[PDB]
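# Enclosed are the sequence and the experimentally obtained structure.
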Amino acid sequence: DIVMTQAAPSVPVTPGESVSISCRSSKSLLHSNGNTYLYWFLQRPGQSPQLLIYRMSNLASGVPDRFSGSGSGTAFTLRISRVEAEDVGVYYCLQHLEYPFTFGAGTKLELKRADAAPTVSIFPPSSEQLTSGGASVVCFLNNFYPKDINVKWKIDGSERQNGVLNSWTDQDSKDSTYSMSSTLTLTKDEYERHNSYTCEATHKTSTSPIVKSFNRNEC
Amino acid sequence: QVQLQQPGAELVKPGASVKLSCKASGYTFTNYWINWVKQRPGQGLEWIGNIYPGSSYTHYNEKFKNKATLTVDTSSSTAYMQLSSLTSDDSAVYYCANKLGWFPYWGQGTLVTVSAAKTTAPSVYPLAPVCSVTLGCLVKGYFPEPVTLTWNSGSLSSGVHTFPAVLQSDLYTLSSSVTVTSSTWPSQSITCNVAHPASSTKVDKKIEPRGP
């Protein structure tokens, strides 16, 4: 089989600067008909791959002129002249000269933007959930940079570690930030035995904690 | 407009077979190649094989020769891929794609989950603020993946963060937030919509201000 090598799993770039992504083939992709049989695609989280370049150097309809493709018969380069937030995702090369068709392993773009403080919101359990015997408290920490962040839960002033599950988004396609959700799941009986609930974060944008709280009975 | 329609999910018992469908529209189905591609979660793309629907002429990647079988129905303009004797290594998204000259078009992919666990529809909970403004939606206790979560049936898309699901005890949980101008809510209507393809369910929950 033709081996397609994208040797970098990830490449960092500062927004507004240029980037070059490399792909190499084990044999020439030049067809007897004169065309070079090499595609580039961009894949965003949860989506099907989007065509960027066909026949090695032709820009696809709808793709901005910031994108270009070039190469010899075995070394290929996708260039973005000025990187924008919408360009984040995973880039793949594909040869279609010979069966079986083969892809390179993918290269993620990491956009190294400026620091940004999180916007924090806390949510008491839904009344509908309480009827089922459970009580989940949710905290969102949104649009921050860099990715590293701590959260701590406190109940009546005491740290609670058990029952917490966290999830992080990929970089935002408009502002290159990260977001995080933290969920503390209790039984209804446990939730009703306490009154103050606090989501406390730390991030490099502040030298003190970033805190949101509520009292269960304060409605 | 060229379109390829695939189901969102198939739950398959270990050792069983599954048949994946890909319904074509917007062009002459018999006249262009259909390709199939595998993608394991968090990993890269792998080519399985292709078929020319007018003739059923096929090519297979050697790696899949004993796993995949490609066929077509030219009456309904549908392409099919049968996968045999499934193992956990077969859990993945499977895409169909076509080729019209230089230009490929892709389906949305079917997520195949190989498991003995039963399908379970999610409980969906609206999250109003403590007594800009941010609202939430909690989707708890479902199996398999995926769901499709929208706000206002997809018309509210800016300022949304929908988080990856977390698995515990053979059940998934996912959340989403949406952030709007404070003059927007609760003056105007905001609803979370959740579709779970494996259970054929769709639920709507309007976000309402908390009472006393």
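Everything's here; your move. Residues are numbered from 1 along each chain as shown, chains lettered A, B, ... in the order given.
# Per the annotation, how does chain A divide into domains?
Annotated domains of chain A cover A:1-113, A:114-216 [curated CATH domains].
# would CSV of those domains with distance to chain B and mean neighbour count be doable?
Bear in mind the C-beta positions are built from the backbone N, C-alpha and C, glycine included. Formatted as CSV, the domains of chain A follow (distance: least, CB to the nearest CB, whole Å; neighbours: other CB atoms under 10 Å in any protein chain shown):
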stretch, distance to chain B, mean neighbour count
domain A:1-113, 4, 17
domain A:114-216, 4, 17
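# mind putting the ones you listed in CSV, distance to residue B:7 included?
Listed next are the domains of chain A as CSV, based on distance: least, CB to CB, whole Å:
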stretch, distance to residue B:7
domain A:1-113, 15
domain A:114-216, 25
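# Out of those domains, flag the one nearest residue B:163.
Residue B:163 lies closest, by CB to CB, to one member of the domains of chain A: domain A:114-216, at 4.2 Å.
# Figure out the length between the terminal residues of that closest one.
Using CA to CA, to the nearest Å, the end-to-end distance of domain A:114-216 comes to 37 Å.
# With stretch B:150-170 instead?
Stretch B:150-170 has an end-to-end distance of 24 Å (CA to CA).
# Buried ones in it, by neighbour count?
The neighbour-count criterion (16 or more other CB atoms under 10 Å in any protein chain shown) identifies B:150-151, B:156, B:159, B:161-163, B:165 as the buried residues of stretch B:150-170.
# Among the residues you listed, which lie within strands?
B:150-151, B:161-162 (DSSP state E).
# what's the nearest residue to the residue nearest the centre of chain A if we skip its chain neighbours?
The residue lying closest to the centre of chain A (CA atoms, centre = their mean) is residue A:170, at 1.6 Å. The shortest distance from residue A:170 to any non-neighbouring residue, by CB to CB, 6 or more residues apart in numbering or on different chains, is to residue A:45 (4.9 Å).
# For the host helix or strand of residue B:135, output the C-alpha coordinates as CSV.
Taking DSSP states H and E as the criterion, residue B:135 maps to strand B:133-142. Backbone C-alpha positions of strand B:133-142 (Å, rounded to 0.1, in the frame of the first residue of the first chain) are rendered in CSV as follows:
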residue,chain,number,x,y,z
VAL,B,133,-27.9,35.5,31.4
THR,B,134,-26.8,31.8,31.1
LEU,B,135,-29.3,28.9,30.9
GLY,B,136,-28.6,25.1,31.0
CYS,B,137,-29.9,21.7,30.0
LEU,B,138,-28.9,18.4,31.6
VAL,B,139,-29.3,15.1,29.7
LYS,B,140,-29.0,12.2,32.2
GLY,B,141,-28.9,8.4,32.0
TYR,B,142,-28.9,7.3,28.4
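# Given that strand, what are its sheet partners and their directions?
Here strand B:133-142 is paired, per DSSP bridges, with strand B:123-127 (antiparallel), strand B:171-180 (antiparallel).
# now for the ones you listed, which one comes closest to residue A:65?
Across those, closest to residue A:65 is strand B:171-180 (CB to CB), at 32.8 Å.
# Give me the residues contacting the closest one.
Contacts to strand B:171-180, defined as CB atoms under 8 Å, 6 or more residues apart in numbering or on different chains, come from residues A:119, A:121, A:138, A:140, A:142, A:165, A:167, A:179, A:181, A:183, B:120, B:122, B:132-145, B:147, B:149, B:151, B:156, B:159-166, B:190, B:192.
# okay if I get the strands paired with strand B:133-142 as a markdown table plus distance to residue A:92 and mean neighbour count?
Below are the strands paired with strand B:133-142 laid out as a markdown table (distance: least, CB to CB, whole Å; neighbours: other CB atoms under 10 Å in any protein chain shown):
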| stretch | distance to residue A:92 | mean neighbour count |
| --- | --- | --- |
| strand B:123-127 | 35 | 23 |
| strand B:171-180 | 27 | 21 |
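# any chance of those strands in TSV, plus distance to residue A:157?
Formatted as TSV, the strands paired with strand B:133-142 follow (distance: least, CB to CB, whole Å):
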stretch	distance to residue A:157
strand B:123-127	24
strand B:171-180	26
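# Could you point out which of those strands sits nearest residue B:63?
Using CB to CB, those put strand B:171-180 closest to residue B:63, at 30.1 Å.
# those helices in chain A, which residues are they?
Ranges of helices in chain A, per DSSP state H, are A:127-130, A:188-191.
# oh sorry, the question was meant for chain B
Going by DSSP H, chain B shows no helices.
# okay, now the domains of it?
If you go by curated CATH domains, the domain ranges for chain B are B:2-116, B:117-209.
# any idea how far the shortest one is from the chain center?
The reference is to domain B:117-209. 16 Å (CA atoms, centre = their mean, to the nearest Å).
# again, but for the first one
Between the mean C-alpha location of domain B:2-116 and the chain-wide mean there is a distance of 14 Å, by CA atoms, centre = their mean.
# My guess is residue A:205 contacts residue A:120. True?
No: in this structure, residue A:205 is not within contact of residue A:120 by CB atoms under 8 Å, at 11.9 Å.
# how far away is the closest residue to residue A:200 other than its chain neighbours from residue A:143?
In this structure, residue A:200 finds its nearest non-sequential neighbour in residue A:152, 4.6 Å apart by CB to CB, 6+ apart. As judged by CB to CB, to the nearest Å, residue A:152 and residue A:143 stand 20 Å apart.
# wait, what's in contact with residue A:42?
By CB under 8 Å, 6+ apart, residue A:42 lies in contact with A:49-50, A:52, A:87, A:89-91.
# Revised request: answer the last question for residue B:121.
Listed by CB under 8 Å, 6+ apart, the contact partners of residue B:121 are B:142, B:196, B:199, B:201.
# now residue A:127
So residue A:127 contacts residue B:210 (CB under 8 Å, 6+ apart).
# same question, residue B:25
Taking CB under 8 Å, 6+ apart as the test, what residue B:25 contacts is B:2-3, B:5, B:77.
# Specify the beta-bridge partners of it.
residue B:3.
# on that earlier part again, highest neighbour count among the contacts of residue B:25?
With neighbours taken as other CB atoms under 10 Å in any protein chain shown, the top of the contacts of residue B:25 is residue B:77, carrying 17 neighbours.
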